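Proteins get letters first, then strands, A, B, ... in listed order; numbering begins at 1 in each. Just the heavy atoms: all of them, side chains too, but no hydrogens, waters or symmetry mates, feed the values below.
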Amino acid sequence: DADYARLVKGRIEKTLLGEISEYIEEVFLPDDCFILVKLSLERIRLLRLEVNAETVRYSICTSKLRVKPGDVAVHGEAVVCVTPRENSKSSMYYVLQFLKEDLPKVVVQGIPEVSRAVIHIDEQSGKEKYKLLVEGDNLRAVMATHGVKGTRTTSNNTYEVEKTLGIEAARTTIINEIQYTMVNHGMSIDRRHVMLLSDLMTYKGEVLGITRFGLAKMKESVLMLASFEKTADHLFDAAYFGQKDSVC
Amino acid sequence: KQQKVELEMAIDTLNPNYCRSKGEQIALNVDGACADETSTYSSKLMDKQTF
Amino acid sequence: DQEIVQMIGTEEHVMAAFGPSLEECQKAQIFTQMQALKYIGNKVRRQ
Amino acid sequence: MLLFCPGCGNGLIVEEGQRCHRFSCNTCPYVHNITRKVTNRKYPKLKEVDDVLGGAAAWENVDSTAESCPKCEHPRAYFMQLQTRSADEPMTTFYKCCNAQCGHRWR
Amino acid sequence: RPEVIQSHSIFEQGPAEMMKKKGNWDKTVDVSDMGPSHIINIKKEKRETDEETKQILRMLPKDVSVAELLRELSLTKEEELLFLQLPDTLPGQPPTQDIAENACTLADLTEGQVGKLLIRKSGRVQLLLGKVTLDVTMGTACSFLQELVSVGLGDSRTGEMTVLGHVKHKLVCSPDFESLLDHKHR
Amino acid sequence: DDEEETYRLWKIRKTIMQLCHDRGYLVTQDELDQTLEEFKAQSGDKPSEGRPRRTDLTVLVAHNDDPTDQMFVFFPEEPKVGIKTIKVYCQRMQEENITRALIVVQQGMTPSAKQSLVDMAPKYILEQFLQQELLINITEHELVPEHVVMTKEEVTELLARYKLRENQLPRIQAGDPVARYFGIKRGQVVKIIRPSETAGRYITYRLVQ
RNA sequence: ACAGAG
DNA sequence: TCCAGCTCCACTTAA
DNA sequence: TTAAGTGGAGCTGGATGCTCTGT
Ligand SMILES: [Zn+2]
Ligand SMILES: [Zn+2]
């Protein structure tokens, strides 16, 4: 049911601090000045996010102009205050005008690489179950959030699958993705052709392109390399290295 | 002819909005410390605004 | 700086967007026309 | 917020003096002592709530002696009020009725 | 920094957030009723929209030329300096000025009555300045300070400068090209 | 939280047990089937539960080859582990005369510490794992085939059956996740059992290089 | 160097 | 008109 | 305090369909 989907969607989909705060305000007092953020805890309670004032202190202090943990206070469950400090590098203490546009865009919850996520619905009569579609580029993180079945998630991107699951899962993804694209345009190819293409791309342990850079890692012959692209550079390198070319 | 008006207006110094510590510095930058033959500001502070 | 921002626009979000550009010129010593023209002079490619 | 000097019209910066925090010009002696609380509220845009309440959410606004919905004339319906944008918006009222052989959405 | 931060199901009380927020910034050090601490109420800093100068405090629609002239006649008998823009040529001849059908300006005419100003029903305003009637409309609403000043070089090297008053409203006069053309089309 | 943090310390421990079992270390049936509500008994919630030195493993002896060949698993608490903490774990490992260890870092490892693991000794080999990799057993993922580390007496038949040299086989990197999982080193061969579209199977081979 | 053809 | 390598420069760890 | 290994940003050099048919 959908109530479980929206929880784990909210664990991967990025939300910014500004998206959950009903206002942010600068306060200037005679004794001190600070920036204050009040969290809209009603909207937290609906979106089923596991964040509060004590967590927002941990969303800040990471990669934000070396702000100190002491400078951030959690005076109530709904409020946070960020006491500004001198940047002491190409800046003026008036850096509040930087934070007032930057502090909302800090990420409090979720995965930073995920731009959005959507719930998808099946239409078969036998069943109804919800799969989650993630438009983003961190496969490892989505494999490791509580409540995603990590053994059955997949990716379009062969580089992500290689970095996360190894060369043999990347090899299957080249097969699946070429065949998916061919079937949609109503073409059909015997599986043995896309199989051979993927095995040529992965036999040296790394996913090598069909570009000039991949071909230079696969092919040893100078005259083969010089008869495709960069015809000058390959011939001067063979002169320098004194390479001998198999005419095979 | 070629109408170009200039005005000079006096700003007071006993009102709280004048930071005299900074006013002494800016007047010392503009005028040499004790010369006063030609000088934009007669007193040790920035007395005047020119328009 | 006021007459510049008057021309660019006086809505709050237009001022917020232009804000970091005032904060650049105030870091340099450029407060006067002659100082600004000197700055441009040291950037001109000589023909 | 941008605040500008009455004298020369350069941009003010906030600094600290010996008795108060001050707005101060960089190019003229003008300073303005912050004597009392001054503030500036951003009010940013919140998330959409449309697909968040659908599908038997954890609503709670129902109360004893609540009105019946106008079509079915039974109290088998939930009602709620929420801000759709930031909290300066006047809250909107919305309600949904779910009964046997009867599905509807109303305003 | 401890990462495994803990949370609970309980619902925040509305006043409890309000009164916590209240106690965070309602503190005031205004007790210093002293000269330095004091502040001049007529030299506040300028908030950027000039109609909206007051950012700190002790605690619009557009007018039309029928309304402007009605306020200065009935509601307030005080005199006020308008500033008006006329067309490039008035419907006159330069009197004996040694010409060529050259432009006619207010500098060429002589003192006296020059015309009549009519307010009509439905807010139409006309400046009847001869046989012809010119239309009058409100100009851009300036809200910076404007001063109307005399300069008189009463001597070869010295003279008097005198401020006669502030200027608030601008009027634009233009020819009614539709009426001029509906007389004799082309 | 505290519900979520214990969940990781159960899933990470569960995967390390299956990793040690697949490498051929002696693992007991009650370690592999340790249930979440059963994990709560020896070590409970976060105040009682200790991460740096309670969940450590050393019972793992290489029961196939020899009971003296033994391996640690360590769970540091600092997200970026410096050389100091490595030296701490190394001298404890030096005292016990254990030669293998796993270090399970929480966010990462600082560059000067990473360089140490290459050169501390060839006879003291330590493998970095990020815990974010151990929350999902990749050997049970649907895209990963069955890998089987071949014996030298079987590699000598592979090369005899096709009349190959070793350097004509396809390659697999040592930096591959599934190569790290089985802990294989340069010059070992892995058998890979790819599933067919039919009931059948296709067998392929790769060389670590 | 431009236009064509499939 | 689009895209991999190469080099310069700030940014933490570590002694 | 600083030696050094590695992040992030700008510069540079490469590539972009097959043929006949005429001026
Ligand atoms: Zn000023
Ligand atoms: Zn109903």
Side-chain angles (χ1 to χ4, degrees), chain A residues 58 60-71 85-92 95 98 102 105-107 111-113 136-138 140-141 156-163 170 174 177 185 187 200-202 204-241 243, chain C residues 20 24 27 43 45, chain E residues 1 3, chain F residues 52 74 76-91 103 105-121 126 128 130 132 173-175:
Chain A
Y58 187 85
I60 313 172
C61 300
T62 61
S63 177
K64 191 178 284 309
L65 191 135
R66 195 183 300 276
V67 285
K68 299 292 86 181
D71 294 332
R85 288 204 186 280
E86 298 71 17
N87 192 190
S88 304
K89 61 190 61 178
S90 302
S91 180
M92 178 50 59
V95 81
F98 175 70
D102 182 75
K105 309 196 265 76
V106 76
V107 52
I111 305 303
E113 289 83 4
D137 199 53
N138 194 344
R140 186 185 283 154
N156 292 125
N157 194 347
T158 57
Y159 183 70
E160 282 289 300
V161 177
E162 182 184 13
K163 185 167 177 176
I174 294 159
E177 201 79 5
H185 290 251
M187 306 303 305
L200 184 274
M201 290 178 72
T202 62
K204 283 192 178 291
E206 178 177 12
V207 184
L208 296 174
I210 311 298
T211 60
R212 68 173 179 269
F213 305 100
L215 201 149
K217 292 183 183 289
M218 289 183 285
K219 303 302 183 290
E220 187 276 330
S221 300
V222 181
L223 284 177
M224 169 174 275
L225 284 164
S227 304
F228 174 49
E229 297 189 357
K230 290 176 64 178
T231 74
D233 296 333
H234 288 104
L235 296 176
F236 288 113
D237 290 348
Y240 180 82
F241 286 97
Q243 185 63 24
Chain C
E24 199 286 333
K27 284 174 54 177
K43 293 288 182 289
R45 291 175 176 161
Chain E
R1 282 79 61 90
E3 58 86 15
Chain F
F74 294 124
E77 183 171 2
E78 54 271 31
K80 296 191 183 75
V81 180
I83 306 99
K84 295 170 181 171
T85 305
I86 302 303
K87 293 284 181 182
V88 169
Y89 288 126
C90 183
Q91 64 93 29
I103 303 166
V105 309
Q106 186 171 359
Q107 293 295 114
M109 182 180 291
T110 191
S112 186
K114 289 178 67 74
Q115 195 276 322
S116 72
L117 301 189
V118 183
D119 67 358
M120 277 161 70
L126 306 86
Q128 178 183 10
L130 281 67
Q132 207 175 22
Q173 286 186 331

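Put simply, the side chain of A/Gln243 never gets that close to the backbone of A/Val222: no donor and acceptor are under 3.5 Å apart.
Regarding F/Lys114, its NZ atom lies at a distance of 15 Å from the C1' atom of H/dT13, rounded to whole Å. Protein atom CD of F/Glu78 is 17 Å distant from nucleotide atom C1' of H/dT12, rounded to whole Å. Following rounding to the nearest Å, F/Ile86 (CD1) and H/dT13 (P) show an atom-to-atom distance of 15 Å. Going from atom CD of F/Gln115 over to atom P of I/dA3 covers 19 Å, rounded to whole Å. When rounded to the nearest whole Å, the span between CG of A/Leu65 and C1' of H/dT12 equals 16 Å. In this structure, the CD atom of A/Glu229 is 16 Å from the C1' atom of H/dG5, given to the nearest Å. Here the P atom of nucleotide I/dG7 and the CE atom of F/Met109 are 14 Å apart, to the nearest Å. The distance between atom CG of A/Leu225 and atom P of I/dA15, rounded to the nearest whole Å, is 13 Å.
In this structure the side chain of A/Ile210 reaches within 4.5 angstrom of the side chain of A/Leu200, judged on heavy atoms. The shortest side-chain heavy-atom distance between F/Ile103 and F/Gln128 does not fall under the 4.5 Å cut-off. Looking at F/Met109 and F/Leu130, their side chains never come closer than 4.5 Å, going by heavy atoms from C-beta outward. For the pair A/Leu65 and A/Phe98, the minimum side-chain heavy-atom distance is below 4.5 Å.
For I/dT21, the torsion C1'-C2'-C3'-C4' is above zero, which places the sugar in the north, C3'-endo range. The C1'-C2'-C3'-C4' torsion of I/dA15 is positive, which assigns its sugar to the north, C3'-endo side. Sugar pucker of I/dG7: north, since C1'-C2'-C3'-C4' comes out positive. Nucleotide H/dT12 carries a south sugar; the sign of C1'-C2'-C3'-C4' is negative. Because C1'-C2'-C3'-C4' is negative for I/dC20, its sugar is assigned to the south class.
Between A/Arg66 and H/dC11, a side-chain N or O to OP1/OP2 separation shorter than 4.0 Å is absent.
The listed nucleotides are H/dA14, I/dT6, I/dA15; the one nearest the side chain of A/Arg212 is I/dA15. Between H/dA14, H/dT13, I/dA15, one nucleotide has an atom nearer to the side chain of F/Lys80 than all others, and that is H/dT13. With distances taken from any side-chain atom of A/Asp233 to the nucleotides I/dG14, I/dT6, H/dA15, the minimum falls on I/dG14. Comparing atom distances between the A/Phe213 side chain and each of H/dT13, H/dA4, I/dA15 picks out H/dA4 as nearest. Out of H/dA14, H/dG5, I/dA15, the shortest distance to the side chain of F/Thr110 is found at H/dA14. Between H/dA14, H/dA4, I/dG14, one nucleotide has an atom nearer to the side chain of A/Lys230 than all others, and that is I/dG14.
The base-pairing partner of H/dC8, taking Watson-Crick or G-U wobble contacts with both distances under 3.5 Å, is I/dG8.
Counting heavy atoms of neighbouring residues, nucleotides and ligands inside a 6.0 Å radius, atom NZ of F/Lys87 does not exceed 12 of them.
Here, I/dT16 and G/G6 have their P atoms 27 Å apart, quoted to the whole Å. Remark: the separation of the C1' atoms in H/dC2 and I/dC18 is 23 Å, to the nearest Å.
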